[PDB]
Amino acid sequence: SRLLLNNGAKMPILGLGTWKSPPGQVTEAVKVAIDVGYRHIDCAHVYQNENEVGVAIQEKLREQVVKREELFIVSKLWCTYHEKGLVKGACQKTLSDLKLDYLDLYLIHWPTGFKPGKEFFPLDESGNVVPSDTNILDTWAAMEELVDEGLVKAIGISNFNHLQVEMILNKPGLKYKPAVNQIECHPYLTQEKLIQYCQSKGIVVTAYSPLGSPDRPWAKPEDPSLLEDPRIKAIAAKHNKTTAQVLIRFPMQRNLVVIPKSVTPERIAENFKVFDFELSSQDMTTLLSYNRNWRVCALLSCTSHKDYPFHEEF
Ligand SMILES: NC(=O)c1ccc[n+]([C@@H]2O[C@H](COP(=O)([O-])OP(=O)(O)OC[C@H]3O[C@@H](n4cnc5c(N)ncnc54)[C@H](OP(=O)(O)O)[C@@H]3O)[C@@H](O)[C@H]2O)c1
Ligand SMILES: O=C(O)Cc1ccccc1
């Protein structure tokens, strides 16, 4: 139900994701998620919907449905805010949109820093992404002060490869270890090496895009579908569960936190009904064998960036 983080806090193993959740739909989605029993919401400034997520959280708090301590609210620092003097400001903007006074967890969204500005993906005249000369260790030191100032309870990373995680763990004067590395993970990208690395260092892994992100804006029709994989449908039929429920239970039995996105109330409810069954070790080993090393999120505009995470093996 909950995993212990290295700061002592308990992170709920199931959360609601909010990337691509339209502002006009996400307030309803979050309110239903909280009624249904979700206690963990994954957010980000770059999703352009934190205000509307925050309206739902405020409504449920005022209603007494949950108290603030029961909720685990995550957001992420966007790439254009990596320099030291910008980090606190980005966090405070997210805090006011969400209408909270602290975050439970704040992640560096990607290891790549972009030129600061109003564009989330700043382009030059030849059309490619303009990098910041900032690095990971300096951004980490700026994240560490947010903990010292009470704005966030825990800090972590996202889309970091093992050498990048290593860089942080080996930083002279390291005060707070990354609590969480949030990475893409599903049966087509099982991440066995990066997961075994992080867990050995006491870092909790959160699996994003657990259903394969079928609503990703760069989807093609010849791309594989997890939800339609007949081999995964078969494992689900055996358990009297849906394929989505199998795909959500899968990371859970690997001791991963999982954050499926939905704005549809019956799917939000369906995705919650995953605690009352178990995949056998045979089901688990079978699902692991489906690995293709296929990424939904490869950040393909930044493949030349000095900190691009996905050139390394893991
Ligand atoms: N840190 C990062 O870099 C990063 C990157 C990507 C994602 N994430 C986080 O991870 C979250 C989840 O990943 P994701 O949004 O890419 O995708 P996902 O959860 O793998 O898939 C979401 C899609 O699946 C549909 N869906 C949900 N439950 C379903 C069910 N029971 N049956 C059939 N279809 C279902 C949703 O439709 P409806 O919404 O229409 O129901 C939506 O189209 C994101 O929202 C975000 O919070 C983080
Ligand atoms: O990185 C993410 O979480 C997903 C995303 C992709 C492209 C632009 C904004 C967000």
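Readers should treat all values here as calculations from the given coordinates under stated rules, not as data from a laboratory. Heads up, the Cβs are rebuilt from the backbone with ideal geometry, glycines too, and the neighbour counts pull from every protein chain shown.
Tell me the residue from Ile183, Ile168 that is surrounded by 15 or more Cβ atoms within 10 Å (Cβ to Cβ) and part of a helix (DSSP H, G or I), please.
Details: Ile183 fails: part of a helix (DSSP H, G or I).
Of the residues listed, the single one that is surrounded by 15 or more Cβ atoms within 10 Å (Cβ to Cβ) and part of a helix (DSSP H, G or I) is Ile168.
Restricted to segment 281-314, and to residues that are assigned to a loop (DSSP other than H, G, I, E, B) and charged (D, E, K, R), which residue is nearest to ligand 2 (Cβ to nearest atom)?
We begin by selecting, within segment 281-314, every residue assigned to a loop (DSSP other than H, G, I, E, B); these are 289-299, 303-314.
With charged (D, E, K, R) added as a condition, the list becomes 292, 295, 306-307, 312-313.
On the way: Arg292: 20, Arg295: 12, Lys306: 19, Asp307: 15, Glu312: 19, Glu313: 22 Å.
Filtering segment 281-314 for residues that are assigned to a loop (DSSP other than H, G, I, E, B) and charged (D, E, K, R), the one nearest to ligand 2 (Cβ to nearest atom) comes out as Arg295.
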Practice task
Hey, could you check segment 261-280 for residues that are among the aliphatic types (A, V, I, L, M) and out of contact with any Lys or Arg (no Cβ under 9 Å at 6 or more places or on another chain) and say which is farthest from ligand 2 (Cβ to nearest atom)?
Solution key: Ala269
Practice task
Output the residue which, of all residues in segment 189-229 that are among the aromatic types (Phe, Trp, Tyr) and surrounded by 15 or more Cβ atoms within 10 Å (Cβ to Cβ), is farthest from ligand 1 (Cβ to nearest atom).
Solution key: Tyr197
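Quick one: would you say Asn51 is surrounded by 14 or more Cβ atoms within 10 Å (Cβ to Cβ) and within 25 Å of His311 (Cα to Cα)?
Values: surrounded by 14 or more Cβ atoms within 10 Å (Cβ to Cβ): yes; within 25 Å of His311 (Cα to Cα): no.
No: the conditions fail for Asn51.
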Practice task
Check segment 206-224 and report whether any residue there is away from ligand 2 (no atom under 16 Å from the Cβ), part of a loop (DSSP other than H, G, I, E, B) and in contact (Cβ under 8 Å) with a residue 40 or more places away in the chain.
Solution key: yes
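Here's the yes/no breakdown for (1) away from ligand 2 (no atom under 16 Å from the Cβ); (2) more than 16 Å from the chain's Cα centre (by Cα); (3) farther than 15 Å from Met143 by Cα:
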residue	(1), (2), (3)
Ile41	no, no, yes
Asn49	no, no, yes
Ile57	yes, yes, yes
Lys88	yes, yes, no
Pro111	no, no, no
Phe121	no, yes, yes
Exercise for the section: Determine which single condition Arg267 fails, assuming it passes every other condition in (1) over 25 Å from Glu28 (Cα atoms); (2) part of a helix (DSSP H, G or I). Expected result: (1)
Completion exercise
When restricted to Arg292, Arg249, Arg254, the only residue in contact with a strand residue (DSSP E or B) (Cβ under 9 Å, 6 or more places away or on another chain), touching a residue at least 40 places away in the same chain (Cβ under 8 Å) and surrounded by 14 or more Cβ atoms within 10 Å (Cβ to Cβ) is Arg254
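Collect the residues in segment 54-91 that are closer than 18 Å to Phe120 by Cβ, part of a helix (DSSP H, G or I) and in contact (Cβ under 8 Å) with a residue 12 or more places away in the chain, keeping them in residue-number order.
Going residue by residue through segment 54-91, those that are closer than 18 Å to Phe120 by Cβ are 75-83, 86-87, 89-91.
Subset that is part of a helix (DSSP H, G or I): 79-81, 86-87, 89-91.
Correct list: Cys79, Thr80, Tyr81, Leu86, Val87, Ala90, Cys91.
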Problem - Filter pass, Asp133 being more than 15 Å from ligand 1 (Cβ to nearest atom), in a loop (DSSP other than H, G, I, E, B) and closer than 24 Å to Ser304 by Cα - result: yes
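It is to be established whether one or more residues within segment 166-188 are away from ligand 1 (no atom under 14 Å from the Cβ), among the polar types (S, T, N, Q) and either in contact (Cβ under 8 Å) with a residue 40 or more places away in the chain or out of contact with any helix residue (DSSP H, G or I) (no Cβ under 7 Å at 6 or more places or on another chain) (or both). Spell out the reasoning first.
Filtering segment 166-188 for residues away from ligand 1 (no atom under 14 Å from the Cβ) gives 166-177, 179.
Going one step further and asking which of them are among the polar types (S, T, N, Q), we end up with 170.
Now drop any that are not either in contact (Cβ under 8 Å) with a residue 40 or more places away in the chain or out of contact with any helix residue (DSSP H, G or I) (no Cβ under 7 Å at 6 or more places or on another chain) (or both), which leaves 170.
Yes, because at least one residue in segment 166-188 is away from ligand 1 (no atom under 14 Å from the Cβ), among the polar types (S, T, N, Q) and either in contact (Cβ under 8 Å) with a residue 40 or more places away in the chain or out of contact with any helix residue (DSSP H, G or I) (no Cβ under 7 Å at 6 or more places or on another chain) (or both).
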Completion exercise
With criteria (1) part of a loop (DSSP other than H, G, I, E, B); (2) touching a helix residue (DSSP H, G or I) at 6+ places or on another chain (Cβ under 9 Å); (3) under 20 Å from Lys10 (Cα atoms), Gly202 comes up short on (2)
